[PDB]
Each structure stands twice: as structure tokens, then as C-alpha cells.
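Report on the following structure.
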Amino acid sequence: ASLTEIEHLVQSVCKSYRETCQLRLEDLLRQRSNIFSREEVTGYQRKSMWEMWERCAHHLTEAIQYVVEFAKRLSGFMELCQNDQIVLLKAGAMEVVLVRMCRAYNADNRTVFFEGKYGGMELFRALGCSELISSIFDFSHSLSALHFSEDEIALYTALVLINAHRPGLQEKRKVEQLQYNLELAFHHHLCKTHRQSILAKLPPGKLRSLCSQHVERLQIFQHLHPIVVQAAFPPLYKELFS
Amino acid sequence: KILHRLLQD
Ligand SMILES: CC(C)=CCC[C@@](C)(O)[C@H]1CC[C@]2(C)[C@@H]1[C@H](O)C[C@@H]1[C@@]3(C)CC[C@H](O)C(C)(C)[C@@H]3[C@@H](O)C[C@]12C
């Protein structure tokens with residue numbers, strides 16, 4: 001390796017990220033004054049639990065679809081065997097979304113951009129999972145305090161996804177090599193932009209714990225509403241989480 | 001399976 005080759009990886013990951021975002025950062029910034037009214041909030045709160053679940057799982061699934069496209073443009077990803085591509089996406093895609101959502105989060109009033117306006121965590125009360133919701137919102141507040149650039153999110157999310165410790169990987173060496181090259185590229189970029197102080201502040205088990213809390217909450221919902229899950233949750237969502 | 005298709009297409 002050499003610096004040019006590492007810096008090429010950085011630019012390639014940032015571009016892949018840019019083309020697979022879904023919502024552009026400037027779009028999200030320009031809507032920050034567009035906040036749900038007390039009555040719109042109340043409207044969300046009065047929705048049935050099963051309806052709120054279906055809507056949320058829909059938007060999450062759409063988000064995950066963009067993560068898949070990001071993966072497919074990640075240098076090295078498509079050269080892994082398909083078994084390993086799937087392992088990495090099953091364990092990683094939700095973690096990616098949870099990192100990517102800090103872009104849509106306004107830490108000044110603790111709201112998130114959801115179905116066209118910003119709203120507070122109380123918007124999601126009808127879900128019945130205040131503890132998970134609260135921890136997601138805190139997680140995003142933590143990440144917002146770092147002031148991630150778009151390049152930092154790109155590189156960090158690549159590393160969330162390319163993790164050679166995922167159980168089930170058939171060629172764990174090949175993934176380790178990819179991961180180490182991505183780690184070098186991220187750290188290189190931080191060293192060049194005088195941002196190495198963030199290394200210390202990145203989250204620890206934390207991403208894992210949020211994804212676990214998601215899955216245990218789903219098993220409770222599907223036990224109480226199994227036909228709703230069968231008939232009205234997206235196929236992709238069930239494939240990743242059920 | 002959906003994943004298979006998204007990865008192939
Ligand atoms: C109820 C349950 C266990 C699962 C379904 C709901 C939850 C708990 O897992 C809850 C957890 C928090 C939750 C509301 C989520 C929804 O499904 C998906 C959304 C979005 C990804 C949808 C799209 C938007 O573009 C953005 C701003 C990125 C949203 C995120 O800001 C918030 C998020 C992740």
C-alpha cells in the first residue's frame with residue numbers, strides 16, 4: 001500500500017455513500033423549522049399499535065434498501081461469496097441505519113425528520129417501546145455531538161458493515177483484509193483532517209444492544225399480532241429480523 | 001431471497 005491507494009479508497013467509499021443516501025443532508029437541514037404541531041403529534045399517538053408498527057417497519061425497510069445499495073458499491077463487497085454478503089447485511093444493515101439517522105436528527109430540540117416533518121420521541125408512543133426509542137434517540141444525540149462530516153459517516157458506516165467478527169462467515173480472512181483496509185482509510189482521513197479526537201468518542205456493544213432490543217421487541221409484537229406481521233410487514237423486514 | 005434478488009439484479 002501507499003498513501004495514494006488509501007486515499008483512493010477514501011474517495012471511493014465517500015462517493016458510494018453519496019449515491020446511496022436516500023435523503024441529501026441539505027434537504028434535511030432546510031426542513032428543521034417544519035415541526036409537527038401538537039395536534040399532529042396527538043394524531044400519531046392515537047394510532048393503533050399495529051398501524052404504527054407497520055408504518056415504521058415500512059420506512060425502516062426503505063432505509064435498509066439504500067444500505068444494501070451502499071454495500072453493493074463498496075469496493076471488495078461484491079467479491080466476497082454470497083453467503084458472506086448476506087451474513088454481513090443481516091447483522092449490519094440495521095446498525096448502519098441507526099448511524100445514518102443522526103443526519104435526520106436535530107440535537108437542538110431533539111427531533112427527528114419523520115414522514116415530512118421533525119418530531120420528538122413522543123411521536124412514537126403508540127409503538128409501546130419507549131425504552132428502545134429513548135436509547136435510539138440518545139444514541140443519535142451522542143453521535144450529533146461529534147459533528148460528523150459526510151465523509152466520516154461514510155467511512156464509519158462502511159466499517160460497521162464490514163466486520164470480520166460476524167458469526168457465520170465462511171471466509172473470515174477475506175473480510176478481515178477488507179476491514180483492515182477500511183480501517184486504515186478511515187484513520188488516515190481523520191489524521192489528515194485533524195479529527196482523530198473523535199476515535200475516543202465513538203460508541204462502544206452499544207450498536208449490538210440496540211439491535212437486540214429491536215429483535216426482542218419484535219418477537220413480543222409478533223406473538224401478539226402474528227397475522228398482522230404475516231399480512232402487512234414488508235418481506236425484506238421479515239427476512240432480516242423475524 | 002429478497003436479499004438474493006437485491007444482490008443479483
Ligand atoms: C417498534 C419496533 C421494535 C421496530 C419498528 C420501529 C423502531 C423501534 O425500530 C423505530 C426505532 C427508531 C425509528 C423510528 C424506527 C423505525 O422503524 C424506522 C425509523 C427511520 C429509519 C425511518 C426512516 C427515516 O428516514 C429515519 C429518519 C432514518 C428514521 C429514524 O430516525 C428512526 C427510526 C430508526
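Chain labels A, B, ... are given in the sequence in which chains occur in the C-alpha cells; within each chain residues are numbered consecutively from 1, and ligands are likewise numbered from 1 in the order shown.
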
Near-ligand residues for ligand 1, threshold 8 Å, only C-alpha atoms and all ligand atoms, as a PDB file with N, CA and C atoms, in the first residue's frame:
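New file result-v2.pdb:
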ATOM      1  N   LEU A  23     -31.822  10.548   1.364  1.00  0.00           N
ATOM      2  CA  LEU A  23     -32.095  11.966   1.627  1.00  0.00           C
ATOM      3  C   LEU A  23     -30.805  12.722   1.756  1.00  0.00           C
ATOM      4  N   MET A  52     -49.002   1.704  13.670  1.00  0.00           N
ATOM      5  CA  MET A  52     -47.751   2.446  13.843  1.00  0.00           C
ATOM      6  C   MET A  52     -46.555   1.520  13.561  1.00  0.00           C
ATOM      7  N   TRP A  53     -46.653   0.269  13.987  1.00  0.00           N
ATOM      8  CA  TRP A  53     -45.613  -0.698  13.660  1.00  0.00           C
ATOM      9  C   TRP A  53     -45.415  -0.904  12.184  1.00  0.00           C
ATOM     10  N   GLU A  54     -46.513  -1.105  11.496  1.00  0.00           N
ATOM     11  CA  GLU A  54     -46.474  -1.304  10.019  1.00  0.00           C
ATOM     12  C   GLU A  54     -45.883  -0.078   9.302  1.00  0.00           C
ATOM     13  N   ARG A  55     -46.257   1.114   9.709  1.00  0.00           N
ATOM     14  CA  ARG A  55     -45.710   2.282   9.060  1.00  0.00           C
ATOM     15  C   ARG A  55     -44.231   2.403   9.335  1.00  0.00           C
ATOM     16  N   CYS A  56     -43.860   2.216  10.555  1.00  0.00           N
ATOM     17  CA  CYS A  56     -42.454   2.334  10.917  1.00  0.00           C
ATOM     18  C   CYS A  56     -41.589   1.256  10.211  1.00  0.00           C
ATOM     19  N   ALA A  57     -42.012   0.013  10.226  1.00  0.00           N
ATOM     20  CA  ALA A  57     -41.305  -1.017   9.543  1.00  0.00           C
ATOM     21  C   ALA A  57     -41.153  -0.777   8.024  1.00  0.00           C
ATOM     22  N   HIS A  58     -42.186  -0.223   7.413  1.00  0.00           N
ATOM     23  CA  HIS A  58     -42.117   0.242   6.053  1.00  0.00           C
ATOM     24  C   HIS A  58     -40.990   1.243   5.853  1.00  0.00           C
ATOM     25  N   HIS A  59     -40.945   2.304   6.659  1.00  0.00           N
ATOM     26  CA  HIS A  59     -39.885   3.312   6.435  1.00  0.00           C
ATOM     27  C   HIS A  59     -38.500   2.726   6.750  1.00  0.00           C
ATOM     28  N   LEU A  60     -38.434   1.841   7.725  1.00  0.00           N
ATOM     29  CA  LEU A  60     -37.189   1.244   8.043  1.00  0.00           C
ATOM     30  C   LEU A  60     -36.733   0.389   6.890  1.00  0.00           C
ATOM     31  N   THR A  61     -37.654  -0.327   6.258  1.00  0.00           N
ATOM     32  CA  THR A  61     -37.300  -1.234   5.196  1.00  0.00           C
ATOM     33  C   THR A  61     -36.766  -0.484   4.004  1.00  0.00           C
ATOM     34  N   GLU A  62     -37.411   0.610   3.664  1.00  0.00           N
ATOM     35  CA  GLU A  62     -36.921   1.529   2.612  1.00  0.00           C
ATOM     36  C   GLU A  62     -35.508   2.008   2.910  1.00  0.00           C
ATOM     37  N   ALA A  63     -35.256   2.438   4.139  1.00  0.00           N
ATOM     38  CA  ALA A  63     -33.882   2.758   4.595  1.00  0.00           C
ATOM     39  C   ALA A  63     -32.868   1.639   4.414  1.00  0.00           C
ATOM     40  N   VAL A  97     -28.306   1.885   9.594  1.00  0.00           N
ATOM     41  CA  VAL A  97     -29.421   2.848   9.576  1.00  0.00           C
ATOM     42  C   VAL A  97     -29.366   3.704  10.856  1.00  0.00           C
ATOM     43  N   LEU A  98     -29.058   3.078  11.974  1.00  0.00           N
ATOM     44  CA  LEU A  98     -29.027   3.718  13.239  1.00  0.00           C
ATOM     45  C   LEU A  98     -27.901   4.738  13.265  1.00  0.00           C
ATOM     46  N   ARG A 100     -26.748   6.194  10.312  1.00  0.00           N
ATOM     47  CA  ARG A 100     -27.204   7.146   9.310  1.00  0.00           C
ATOM     48  C   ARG A 100     -28.312   8.079   9.792  1.00  0.00           C
ATOM     49  N   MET A 101     -29.125   7.661  10.739  1.00  0.00           N
ATOM     50  CA  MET A 101     -30.184   8.540  11.215  1.00  0.00           C
ATOM     51  C   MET A 101     -29.725   9.795  11.999  1.00  0.00           C
ATOM     52  N   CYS A 102     -28.474   9.832  12.487  1.00  0.00           N
ATOM     53  CA  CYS A 102     -28.025  11.038  13.119  1.00  0.00           C
ATOM     54  C   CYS A 102     -28.064  12.257  12.146  1.00  0.00           C
ATOM     55  N   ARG A 103     -28.039  12.038  10.842  1.00  0.00           N
ATOM     56  CA  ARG A 103     -28.226  13.116   9.882  1.00  0.00           C
ATOM     57  C   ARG A 103     -29.619  13.776   9.927  1.00  0.00           C
ATOM     58  N   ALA A 104     -30.624  12.987  10.320  1.00  0.00           N
ATOM     59  CA  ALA A 104     -32.001  13.370  10.272  1.00  0.00           C
ATOM     60  C   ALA A 104     -32.414  13.815  11.638  1.00  0.00           C
ATOM     61  N   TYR A 105     -31.469  13.901  12.571  1.00  0.00           N
ATOM     62  CA  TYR A 105     -31.748  14.206  13.948  1.00  0.00           C
ATOM     63  C   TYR A 105     -31.280  15.658  14.227  1.00  0.00           C
ATOM     64  N   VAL A 112     -36.545  14.237  15.176  1.00  0.00           N
ATOM     65  CA  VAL A 112     -36.142  13.536  14.026  1.00  0.00           C
ATOM     66  C   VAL A 112     -37.097  13.789  12.892  1.00  0.00           C
ATOM     67  N   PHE A 113     -36.583  13.820  11.670  1.00  0.00           N
ATOM     68  CA  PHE A 113     -37.367  14.005  10.453  1.00  0.00           C
ATOM     69  C   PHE A 113     -38.061  12.734  10.066  1.00  0.00           C
ATOM     70  N   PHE A 114     -39.385  12.709  10.201  1.00  0.00           N
ATOM     71  CA  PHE A 114     -40.204  11.513  10.002  1.00  0.00           C
ATOM     72  C   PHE A 114     -41.493  11.887   9.239  1.00  0.00           C
ATOM     73  N   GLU A 115     -41.698  11.259   8.073  1.00  0.00           N
ATOM     74  CA  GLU A 115     -42.888  11.499   7.205  1.00  0.00           C
ATOM     75  C   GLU A 115     -43.138  13.000   6.992  1.00  0.00           C
ATOM     76  N   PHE A 124     -43.713   8.630  18.853  1.00  0.00           N
ATOM     77  CA  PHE A 124     -43.635   7.177  18.607  1.00  0.00           C
ATOM     78  C   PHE A 124     -44.233   6.390  19.748  1.00  0.00           C
ATOM     79  N   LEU A 127     -46.034   2.961  19.668  1.00  0.00           N
ATOM     80  CA  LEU A 127     -45.301   1.700  19.445  1.00  0.00           C
ATOM     81  C   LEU A 127     -45.245   0.792  20.656  1.00  0.00           C
ATOM     82  N   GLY A 128     -45.367   1.390  21.834  1.00  0.00           N
ATOM     83  CA  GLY A 128     -45.127   0.678  23.067  1.00  0.00           C
ATOM     84  C   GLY A 128     -43.665   0.258  23.257  1.00  0.00           C
ATOM     85  N   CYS A 129     -42.671   1.077  22.912  1.00  0.00           N
ATOM     86  CA  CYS A 129     -41.270   0.693  23.255  1.00  0.00           C
ATOM     87  C   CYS A 129     -40.432   1.895  23.508  1.00  0.00           C
ATOM     88  N   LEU A 132     -36.541   1.487  24.100  1.00  0.00           N
ATOM     89  CA  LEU A 132     -35.732   1.376  22.883  1.00  0.00           C
ATOM     90  C   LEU A 132     -35.679   2.713  22.163  1.00  0.00           C
ATOM     91  N   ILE A 133     -36.808   3.385  22.125  1.00  0.00           N
ATOM     92  CA  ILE A 133     -36.908   4.629  21.414  1.00  0.00           C
ATOM     93  C   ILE A 133     -36.036   5.652  22.083  1.00  0.00           C
ATOM     94  N   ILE A 136     -32.412   4.901  21.271  1.00  0.00           N
ATOM     95  CA  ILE A 136     -32.061   5.322  19.894  1.00  0.00           C
ATOM     96  C   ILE A 136     -31.845   6.811  19.809  1.00  0.00           C
ATOM     97  N   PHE A 137     -32.729   7.542  20.436  1.00  0.00           N
ATOM     98  CA  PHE A 137     -32.667   9.000  20.400  1.00  0.00           C
ATOM     99  C   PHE A 137     -31.382   9.507  21.112  1.00  0.00           C
ATOM    100  N   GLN A 213     -32.356  -5.258  21.400  1.00  0.00           N
ATOM    101  CA  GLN A 213     -33.596  -4.684  21.884  1.00  0.00           C
ATOM    102  C   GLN A 213     -34.690  -4.610  20.785  1.00  0.00           C
ATOM    103  N   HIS A 214     -34.344  -4.188  19.562  1.00  0.00           N
ATOM    104  CA  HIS A 214     -35.261  -4.292  18.402  1.00  0.00           C
ATOM    105  C   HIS A 214     -35.834  -5.710  18.218  1.00  0.00           C
ATOM    106  N   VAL A 215     -34.970  -6.694  18.098  1.00  0.00           N
ATOM    107  CA  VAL A 215     -35.395  -8.030  17.864  1.00  0.00           C
ATOM    108  C   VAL A 215     -36.273  -8.583  18.995  1.00  0.00           C
ATOM    109  N   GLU A 216     -35.958  -8.309  20.244  1.00  0.00           N
ATOM    110  CA  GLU A 216     -36.806  -8.851  21.325  1.00  0.00           C
ATOM    111  C   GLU A 216     -38.181  -8.164  21.368  1.00  0.00           C
ATOM    112  N   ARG A 217     -38.225  -6.886  21.016  1.00  0.00           N
ATOM    113  CA  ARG A 217     -39.475  -6.218  20.886  1.00  0.00           C
ATOM    114  C   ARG A 217     -40.338  -6.718  19.717  1.00  0.00           C
ATOM    115  N   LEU A 218     -39.716  -7.032  18.600  1.00  0.00           N
ATOM    116  CA  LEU A 218     -40.415  -7.657  17.519  1.00  0.00           C
ATOM    117  C   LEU A 218     -41.013  -9.012  17.898  1.00  0.00           C
TER     118      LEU A 218
END

Polymer residues at most 6 Å from residue A:119, only C-alpha atoms, same-chain spacing of 6 or more positions, as an MDAnalysis selection string = chainID A and resid 35:36 111:112

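Counting only C-alpha atoms, every residue of chain B that comes within 9 Å of chain A is listed here: residues 1, 2, 3, 4, 6 and 7 of chain B.
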
Those residues with C-alpha atoms, as an mmCIF file, in the first residue's frame please?
data_model
loop_
_atom_site.group_PDB
_atom_site.id
_atom_site.type_symbol
_atom_site.label_atom_id
_atom_site.label_comp_id
_atom_site.auth_asym_id
_atom_site.auth_seq_id
_atom_site.Cartn_x
_atom_site.Cartn_y
_atom_site.Cartn_z
ATOM 1 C CA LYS B 1 -34.198 -14.441 -1.007
ATOM 2 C CA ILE B 2 -35.389 -10.843 -1.446
ATOM 3 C CA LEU B 3 -31.732 -10.253 -0.369
ATOM 4 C CA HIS B 4 -30.623 -12.770 -3.041
ATOM 5 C CA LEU B 6 -31.383 -7.380 -4.442
ATOM 6 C CA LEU B 7 -27.830 -8.656 -4.539
#

inquiry  = So the first atom is atom CA of residue A:14 and the second is atom CA of residue A:75; what is the distance between them in Å, to one decimal place?
reply    =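 Taking atom CA of residue A:14 as the start and atom CA of residue A:75 as the end point, the length is 11.3 Å.
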
key: Residues of stretch 39-80 of chain A in helix (DSSP H, G or I), written as a ChimeraX atom specification   = /A:39-45,49-73,77-79

task = Would you please extract all strand (DSSP E or B) residues from stretch 1-219 of chain A, as assigned by DSSP on the backbone, and give them as a list in words?
result =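 Restricting stretch 1-219 of chain A to strand (DSSP E or B) produces residues 35, 105, 106, 111, 112, 113, 114, 117, 118, 119 and 120 of chain A.
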
Export of prior selection with N, CA and C atoms as a short mmCIF file (atom, residue, chain, number, x, y, z; two decimals), in the first residue's frame:
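Contents of the output file out-v6.cif:
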data_model
loop_
_atom_site.label_atom_id
_atom_site.label_comp_id
_atom_site.auth_asym_id
_atom_site.auth_seq_id
_atom_site.Cartn_x
_atom_site.Cartn_y
_atom_site.Cartn_z
N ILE A 35 -41.84 21.49 11.98
CA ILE A 35 -42.09 20.66 13.15
C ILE A 35 -43.57 20.31 13.27
N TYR A 105 -31.47 13.90 12.57
CA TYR A 105 -31.75 14.21 13.95
C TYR A 105 -31.28 15.66 14.23
N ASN A 106 -32.13 16.46 14.87
CA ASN A 106 -31.77 17.82 15.23
C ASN A 106 -31.52 17.87 16.74
N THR A 111 -35.42 16.34 17.87
CA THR A 111 -36.38 15.81 16.99
C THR A 111 -35.73 15.07 15.84
N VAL A 112 -36.54 14.24 15.18
CA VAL A 112 -36.14 13.54 14.03
C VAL A 112 -37.10 13.79 12.89
N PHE A 113 -36.58 13.82 11.67
CA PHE A 113 -37.37 14.01 10.45
C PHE A 113 -38.06 12.73 10.07
N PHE A 114 -39.39 12.71 10.20
CA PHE A 114 -40.20 11.51 10.00
C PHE A 114 -41.49 11.89 9.24
N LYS A 117 -41.93 15.93 8.45
CA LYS A 117 -41.66 16.96 9.41
C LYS A 117 -40.78 16.40 10.51
N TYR A 118 -40.21 17.29 11.30
CA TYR A 118 -39.50 16.93 12.52
C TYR A 118 -40.41 16.74 13.72
N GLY A 119 -40.16 15.68 14.47
CA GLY A 119 -40.87 15.47 15.73
C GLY A 119 -40.05 14.78 16.76
N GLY A 120 -40.51 14.92 17.98
CA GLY A 120 -39.81 14.43 19.19
C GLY A 120 -40.14 12.97 19.38
#

inquiry  = So the first atom is atom CA of residue A:179 and the second is atom CA of residue A:79; what is the distance between them in Å, to one decimal place?
reply    = 13.7 Å

task = Can you work out which one of A:141, A:123, A:43, A:175 has the shortest atom-to-atom distance to residue A:108, counting only C-alpha atoms?
result =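 Of all the options, A:141 lies closest to residue A:108.
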